[PDB]
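Residue numbers (the deposited numbering), protein chains in the order written: chain C, 1 to 2, 4 to 5; chain B, 17 to 171; chain A, 49 to 88. Following: one structure in structure tokens, then a few remarks.
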């Protein structure tokens, strides 16, 4: 994820 | 300004731009994840797109009208993420979803990991219909990511 | 903040794509703020  | 297709969601102030997400234009309505825009208005060329519907718990928002995407994962077949990562052209990734099992039922989920600004990229069935949007998920023990296939209701 | 959209492509299924990723079976909870978490 770079949760979103 | 509302031509069908997949779009990047960008922000800029005085300097360069950042891709914060992605969304789907279909039937005159723009569909993205709530966390991408926080439900704020969007510019499209010279025009303004105003939020119409949204739901923080589902992490979804639609612009210009009600949510239009109604295709559902069949619970069986492989799907494609049409990933639109920051700074990269759209690419299709095929996968067999896993499952988020919740107290309220099962949700398809894809174990595909992309930058945060990929949020809102559409997930497709074999007919090219959008069965949900990518980017609301969980981090598992090894640090990798699993995203729900998040779909809204077409009233 | 100027938040704006730009077209990035057509929405089309790609034939002859190779399947990848696994198919995890996870127990999760979803809270009222839209956050998923693992049930452990």
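Each residue gets a CB set at the ideal place from its N, CA and C atoms; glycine is no exception.
Check your understanding: Name the residues in the segment 110 to 135 of chain B whose C-beta lies less than 9 Å from a C-beta of chain C; which are they?
Key -> Residues passing the 9 Å Cβ filter: 129, 130, 131, 132, 133, 134, 135.
**Study point:** Extent of the continuous beta strand (DSSP E) to which residue 76 (chain A) belongs
**Key:** Here the beta strand (DSSP E) through residue 76 (chain A) covers 73 to 78.
Practice item. Kindly list the residues whose CB is nearer than 8 Å to the CB of residue 134 (chain B), restricted to its own chain and excluding five residues on each side of it in sequence; keep chain order. Key: Answer for residue 134 (chain B): 37, 38, 99, 100, 101, 102, 150, 151, listed in chain order.
Review point. Contact check, residue 86 (chain B) vs residue 170 (chain B) under 8 Å by CB: the rounded distance?
Key: Contact between residue 86 (chain B) and residue 170 (chain B) holds: their C-beta atoms lie close to 4 Å from each other, under 8 Å.
Check your understanding: For residue 50 (chain B), which of helix, strand or coil comes out of DSSP?
Key -> Of the three classes helix, strand and coil, the one that applies to residue 50 (chain B) here is helix, per DSSP.
Review point. Residue 92 (chain B): buried (16+ other C-beta within 10 angstroms of its C-beta) or exposed?
Key: The Cβ neighbour count for residue 92 (chain B), taken over all protein chains shown within 10 Å, is under 16; the residue is labelled exposed.
Practice item. Assign residue 82 (chain A) to one of two classes, buried (16 or more other C-beta atoms within 10 Å of its C-beta) or exposed (fewer than that). Key: Counting other Cβ atoms within 10 Å of its Cβ, residue 82 (chain A) reaches 16 or more and is therefore classed as buried.
Practice item. Return the Cβ separation of residue 105 (chain B) and residue 50 (chain A) in integer angstroms, given the expectation that the two are a contact with Cβ distance under 8 Å. Key: The C-beta distance from residue 105 (chain B) to residue 50 (chain A) rounds to 23 Å, too long to fall under 8 Å, and the pair is not in contact.
Review point. To which residues does DSSP link residue 108 (chain B) through a beta bridge?
Key: B:98.
Practice item. Flag residue 158 (chain B) as yes if its beta-carbon sits less than 8 Å from any beta-carbon of chain A, otherwise no. Key: Chain A, which has no Cβ nearer than 8 Å to the Cβ of residue 158 (chain B), makes this no.
Practice item. Express the C-alpha separation of residue 63 (chain B) and residue 158 (chain B) in angstroms, rounding to a whole number. Key: For residue 158 (chain B) and residue 63 (chain B), the distance between alpha carbons rounds to 44 Å.
Check your understanding: For the candidate residues A:53, A:73, A:69, A:56, whose alpha-carbon lies nearest to that of residue 96 (chain B)?
Key -> The candidate whose alpha carbon is nearest that of residue 96 (chain B) is A:69.
Check your understanding: How about residue 161 (chain B): is its C-beta nearer than 8 Å to some C-beta of chain C?
Key -> By the rule that beta-carbons nearer than 8 Å mark a contact, residue 161 (chain B) touches chain C.
Review point. DSSP beta-bridge partners for residue 115 (chain B)?
Key: Under DSSP, residue 115 (chain B) forms a beta bridge with B:124, A:73.
Review point. Going along chain C, which residues have a C-beta under 9 Å from residue 47 (chain B)?
Key: For residue 47 (chain B), no chain C residue has a C-beta closer than 9 Å to its own C-beta; the minimum C-beta separation is roughly 17 Å.
Check your understanding: Can you name the start and end residues of the beta strand (DSSP E) that residue 67 (chain B) belongs to?
Key -> Here the beta strand (DSSP E) through residue 67 (chain B) covers 67 to 71.
Exercise for review: Check whether the segment 120 to 127 of chain B touches the segment 17 to 24 of chain B, taking contact to mean three or more Cβ pairs, one atom from each stretch, closer than 8 Å.
Suggested key: Proximity of the segment 120 to 127 of chain B to the segment 17 to 24 of chain B falls short of the contact definition, fewer than three beta-carbon pairs being nearer than 8 Å.
Practice item. Give the single residue among B:131, B:79, B:122 whose Cα lies nearest to the Cα of residue 15 (chain B). Key: Absent from the structure is residue 15 (chain B), since the part of chain B shown begins at 17 and ends at 171.
Exercise for review: Output the distance between the C-alpha atoms of residue 82 (chain B) and residue 71 (chain A), rounded to the nearest integer angstrom.
Suggested key: Cα to Cα, residue 82 (chain B) sits roughly 32 Å from residue 71 (chain A).
Point to revise | Own chain, CB closer than 8 Å to residue 76 (chain A), minus 5 neighbours either side, in chain order | key: So the list reads 84, 85, 86, 87, once near-sequence residues are dropped.
Review point. Using DSSP with H/G/I as helix, E/B as strand and the rest coil, what is residue 56 (chain A)?
Key: Per DSSP, reduced to three states, the secondary structure at residue 56 (chain A) is strand.
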